[PDB]
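**Q** Got a structure for you, written out below as structure tokens; questions coming shortly.
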Amino acid sequence: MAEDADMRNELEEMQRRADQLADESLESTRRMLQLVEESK
Amino acid sequence: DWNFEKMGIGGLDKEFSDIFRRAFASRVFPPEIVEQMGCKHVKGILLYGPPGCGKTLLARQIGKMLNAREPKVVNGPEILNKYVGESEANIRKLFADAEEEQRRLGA
Amino acid sequence: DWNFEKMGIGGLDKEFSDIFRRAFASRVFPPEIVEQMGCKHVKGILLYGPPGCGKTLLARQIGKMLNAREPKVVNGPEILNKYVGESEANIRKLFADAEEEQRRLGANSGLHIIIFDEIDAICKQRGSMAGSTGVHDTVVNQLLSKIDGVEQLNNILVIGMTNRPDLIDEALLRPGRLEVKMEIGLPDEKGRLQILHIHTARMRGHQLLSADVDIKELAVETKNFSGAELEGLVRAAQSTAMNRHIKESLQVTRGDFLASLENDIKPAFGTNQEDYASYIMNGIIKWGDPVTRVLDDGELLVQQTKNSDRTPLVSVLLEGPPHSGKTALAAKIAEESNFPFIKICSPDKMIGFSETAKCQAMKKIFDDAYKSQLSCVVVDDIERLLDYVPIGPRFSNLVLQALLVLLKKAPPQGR
Amino acid sequence: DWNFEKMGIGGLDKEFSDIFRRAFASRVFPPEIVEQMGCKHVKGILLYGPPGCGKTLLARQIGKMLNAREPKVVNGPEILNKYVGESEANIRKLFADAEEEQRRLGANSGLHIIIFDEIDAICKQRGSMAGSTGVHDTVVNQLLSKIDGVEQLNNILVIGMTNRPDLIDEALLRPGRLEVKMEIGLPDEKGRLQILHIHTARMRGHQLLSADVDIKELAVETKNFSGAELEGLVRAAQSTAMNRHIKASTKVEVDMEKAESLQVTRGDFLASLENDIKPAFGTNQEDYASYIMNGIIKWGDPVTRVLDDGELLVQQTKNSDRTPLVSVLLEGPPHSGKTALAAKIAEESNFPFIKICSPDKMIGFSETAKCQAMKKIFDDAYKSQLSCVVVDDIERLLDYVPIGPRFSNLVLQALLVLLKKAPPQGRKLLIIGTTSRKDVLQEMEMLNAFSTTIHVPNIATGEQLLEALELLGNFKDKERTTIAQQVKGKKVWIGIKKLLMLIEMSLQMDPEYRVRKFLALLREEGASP
Amino acid sequence: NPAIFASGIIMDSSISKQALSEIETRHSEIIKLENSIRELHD
Ligand SMILES: Nc1ncnc2c1ncn2[C@@H]1O[C@H](COP(=O)(O)OP(=O)(O)OP(=O)(O)O)[C@@H](O)[C@H]1O
Ligand SMILES: Nc1ncnc2c1ncn2[C@@H]1O[C@H](COP(=O)(O)OP(=O)(O)OP(=O)(O)O)[C@@H](O)[C@H]1O
Ligand SMILES: Nc1ncnc2c1ncn2[C@@H]1O[C@H](COP(=O)(O)OP(=O)(O)OP(=O)(O)O)[C@@H](O)[C@H]1O
Ligand SMILES: Nc1ncnc2c1ncn2[C@@H]1O[C@H](COP(=O)(O)OP(=O)(O)OP(=O)(O)O)[C@@H](O)[C@H]1O
Ligand SMILES: Nc1ncnc2c1ncn2[C@@H]1O[C@H](COP(=O)(O)OP(=O)(O)O)[C@@H](O)[C@H]1O
């Protein structure tokens, strides 16, 4: 089980990676909209 | 320390002295002379008698006497399992800590 | 830095010599001459014998003698598993490194070792049994295919251990497979002397062994002592000597050896002294000539069975009216025999047994009797063994046939 | 570059010729003619036989000879897996490349080989365990459907090797899937000669073989040695020869300068034969030394007559053709020494396979086991060109006891049916049985099965007793004269096996009391002729 | 005799595969676009 346990733990770390990537993209889009609004 | 009575067992006068003499005489003697002699330590003992006469109590008291770690009580009928390679796995789980600790800490 | 003296093995000179001759004699000769003969290498060894005679020790010493890598160990049936197709995977994982190294290097590879322990718990005969439990057939087939298959391996060595050489499959004991079979038996006087010298060397070095103890005497006072009981004797002597210093000048004296020999160690193939105390309850009383006549006849029979070479097996029946005292006289004759191995097979220890259990018990006693240079076996109160009762009559046929077959079977050569 | 002699297989000419004719004959003939015939190709071979005869070697050599793709291999049950539906995909993964290449390159494709090893581990009879074990019914179906299904393949070749040809599924051996079936058996003299030459050529090349070693004598000497045991013999001889030059193996390993002058002499071969290698279908000298424990001595006329009658029966079974199975019953009173005579007859027959079926090795067995062990010993004897099987103590084999009477019926039926089963065409067999009670066997209707009977007598005259004593020579001249004076004018009734024990018992008294004790014992025994 | 095997069936499929999926490569381009329009606004 140690093999499966450790690999699933790396998978959980990878879930955190995915969450960070998605949140970063969302924040980038929000700042995107802010600047685009500002120029006008 | 022997003091068979202080420990909480009465009536075991000879069945304690013989055990102490034969089995545990190489655990308390100064290590230098034991190493110089080059004698190994006994690896177990057997106790048989009528039920309800004070066996398990003696085992626990012996364990507490030598500053040993917590004993792993096991019941004979409970180890059997009906799949292939389950009883052996249970019998082989009890000897993990000893192997690991010897491999790590040496002698 | 290897030399035989440091191995710590005694009494097994010829067996080790033969193992070395047949297994390792071609891995140390110059490679140039080896290649001009084109001879492959032996791929297995097998060791069997009674308990406590020095098999695992020999395997360990062989393992750590060579310049090889760490030997893999299999501790009995630790490869079995409950999911279909997992046991064979565990079997196949043992040989992977050898195959990889062979493919990479060729004839220049090192050596590998695998050590099975209690091999008879896996490799049973592949009989039909109306379809065996796959546990046997699949594992055995995988092992057979891996040891010697289509692809060639030439850098492995497999050792085995077992107490029952009968149960193992025959296709697994042919040349090209585990082909070096050795039997480890009880030692004779020289073996006991060598073992005692090996196990009491450190004490002599530091001047802890008294000057009165003579090893040559202990080599004679212990008969049919296995390898694993002499160490117990020595350890008991040391413990008895040490306990005397609990309420710098410590020493071990003869009295400790005598006490430990008389009270602590009980050999399994030796003579027992409580049986005679239990069966001869009130001694023997001389109330007439017949007692002397019977004892003299017993003495003559004993001398004959000891001194002859055309009559290696003897028998005698003591019979008379009831309440006459037959068992006591038989026990007295056996005690006066002065044989290294004496036994009694009485019916009061088989209370409630069926036929087959009695057959197995008798066979086990005689099998042990067949492993000593001398012996003596007493079968008393036969009519109880046969289960006789006048109404009918009724009795057991299997036991009678077993006894009739065993009463005229000769022991191995020379015994 | 293929050449047959390079193959390195000896004693299997006919099998290889048949395989070549049936399998590779249609892939070498010019294609234009082969097209005019419209014949498909064979896609299967099966090999079976006893252990150690040269199956895997033949498979490997066939694999190497073909200028084609590298063969795939499957070691036993290597395909099984623990996930539902994953133990079959491994079957389908073996034919994918062949399918794709057949689709692409049409009828000019190459040849793809496959080698199943120990095929009786995954291809047992269907419906044998109430639908099998769940995973031994899908694999078989997948294999059957893939080898020959709706879609046609024409560029594969499957090989199988097995020790037990009885358990393979029947639907898998029809003439469309595994057509060629071959049995690899023990060799005869020429095969042993060829094998020894093949395995000694290299040594003889470099002058490492002595000049006093003659191969023909070794070929004649080893009877019914399997293929691997000759190689084992040669290897043991080489190792024994090499062990001479390691002087200090006990202290430290050292090699001499005389290693250059290394040669293997016949003494090594003789020692290896005597000590190391022991065959399986042959014979060894331990059993004879265990049964004939005190030799055989001519104490009268009857012994020569018995031996002559045995020789006549042996000659008949060797030469005749109408009768391939003959049997004989040796009978006489107890303690007459009959099993030794049977052993002597069998030993002087000089047949290749000679085995003794005795109750010494069936202690505690039930009826089912006695029956099955008897069957195995009688099956091993059908795989040799000549044989001789000895049955001992037919009375003890049935568990006969005068009370009741009581005995076993299944074993008796097995025996009565097993004395009339002729061997496979072209082989001969001789059965000898010994018993001590003829009338009991008569009452069971068992003397009709045996062909002829021989009688074994006791000592029945003073002169014969004196001759036996002289041959043994335990009593010297004066005591012999006293014994003669005492017994020469009477009749005696005693067996040899009892005479030996009487002599041994008598010898234990004082030097001046032996003769009187011996006479007392001889009088006590009693005659009751 | 007490000797029988078992076979497993897997209920295993969850949050999308490891970063071999397109999530990271998808994330990559947004920052470049951000750079571009930051330039334009400044
Ligand atoms: N020939 C010998 N020379 C010296 N010491 C020996 C000899 N044989 C046994 N011993 C001692 O007795 C011990 C016996 O343990 P060992 O592992 O050899 O037993 P075994 O008979 O192989 O085991 P088992 O019957 O459990 O399979 C050895 O470790 C060693 O201490
Ligand atoms: N000379 C003697 N011979 C035999 N037994 C003797 C003699 N003197 C004393 N005894 C005592 O007689 C008893 C022997 O009885 P034992 O058990 O041998 O009888 P048994 O013949 O086996 O009995 P049964 O067959 O009737 O059950 C023992 O107590 C033994 O000490
Ligand atoms: N006809 C032969 N000529 C030469 N050597 C042979 C012959 N038959 C067998 N051998 C020797 O036998 C060795 C092993 O035999 P092989 O691999 O054919 O065993 P097998 O009987 O097919 O296997 P198994 O019965 O164990 O499944 C080969 O390396 C070769 O040395
Ligand atoms: N001419 C002879 N014929 C037979 N046996 C002989 C002869 N000379 C010596 N012997 C010895 O006599 C013994 C024969 O005993 P054997 O085993 O044949 O007994 P048996 O007749 O089968 O016994 P039982 O009927 O009690 O089962 C063997 O030791 C054999 O060596
Ligand atoms: N020698 C003794 N002195 C005092 N109490 C005892 C003694 N032997 C047994 N006992 C009592 O018996 C109780 C249970 O004993 P237990 O360990 O169950 O024995 P067993 O091993 O036979 O089960 C203990 O709690 C203890 O109080």
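Using the numbering of Swiss-Prot, the residues shown for chain D are 212-740, in order.
Each Cβ is built from the backbone N, Cα and C atoms, and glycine gets one as well.
What Swiss-Prot shows for this protein is this:
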BINDING   D:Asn505, D:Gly506, D:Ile507, D:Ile508, D:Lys509, D:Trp510, D:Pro545, D:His546, D:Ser547, D:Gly548, D:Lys549, D:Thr550, D:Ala551, D:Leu552  ATP binding site
BINDING   D:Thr550  Mg(2+) binding site
MOD_RES   D:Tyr259  phosphotyrosine
MOD_RES   D:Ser569  phosphoserine
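Situate these features within the shown structure.
**A** In the shown protein chains, 19 other C-beta atoms lie within 10 A of the C-beta of D:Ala551 (ATP binding site).
Residues near D:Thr550 (Mg(2+) binding site) in space but far in sequence (CB under 8 A, at least 6 apart, same chain), listed by position: D:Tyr502, D:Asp603, D:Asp604, D:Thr645.
The Cβ of D:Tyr259 (phosphotyrosine) lies under 8 Å from the Cβ of D:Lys266, D:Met372, D:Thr373, D:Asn374, D:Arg375, D:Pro376, D:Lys392, D:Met393, D:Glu394, D:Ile395, each of these being in the same chain and 6 or more residues away along the sequence.
The Cβ of D:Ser569 (phosphoserine) lies under 8 Å from the Cβ of D:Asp603, D:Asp604, each of these being in the same chain and 6 or more residues away along the sequence.
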**Q** In DSSP terms, helix, strand or coil for D:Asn505 (ATP binding site)?
**A** coil
**Q** Restricting to the chain of D:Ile507 (ATP binding site) and a gap of 6 or more, list residues whose Cβ falls under 8 Å of its Cβ, or answer none.
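**A** D:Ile507 (ATP binding site) has long-range Cβ partners D:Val514, D:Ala551, D:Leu552, D:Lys555.
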**Q** May I ask which of the recorded positions D:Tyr259, D:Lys509, D:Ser569 have a CB within less than 6 Å of any atom of ligand 4, listed in sequence order?
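**A** Correct list: empty, so none.
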**Q** Which has the fewest other Cβ atoms within 10 Å: D:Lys509, D:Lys549, the binding-site residues listed?
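**A** Per-residue Cβ counts within 10 Å for the binding-site residues D:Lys509, D:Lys549 bottom out at D:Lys509.
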**Q** Chain C sits near which of the recorded positions D:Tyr259, D:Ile507, D:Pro545, D:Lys549, D:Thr550, D:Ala551, counting only a Cβ gap under 8 Å?
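**A** Answer, by Cβ distance to chain C: none.
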**Q** For D:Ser569 (phosphoserine), which DSSP three-state class applies?
**A** coil
**Q** Across all the protein chains here, work out how many other Cβ atoms are within 10 Å of the Cβ of D:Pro545 (ATP binding site).
**A** 11
**Q** What whole-number value in Å do you get for the largest C-alpha pair distance within D:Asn505, D:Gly506, D:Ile507, D:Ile508, D:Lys509, D:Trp510, D:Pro545, D:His546, D:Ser547, D:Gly548, D:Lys549, D:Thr550, D:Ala551, D:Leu552, the residues recorded as binding ATP?
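**A** Overall maximum Cα spacing for these binding residues reaches 19 Å.
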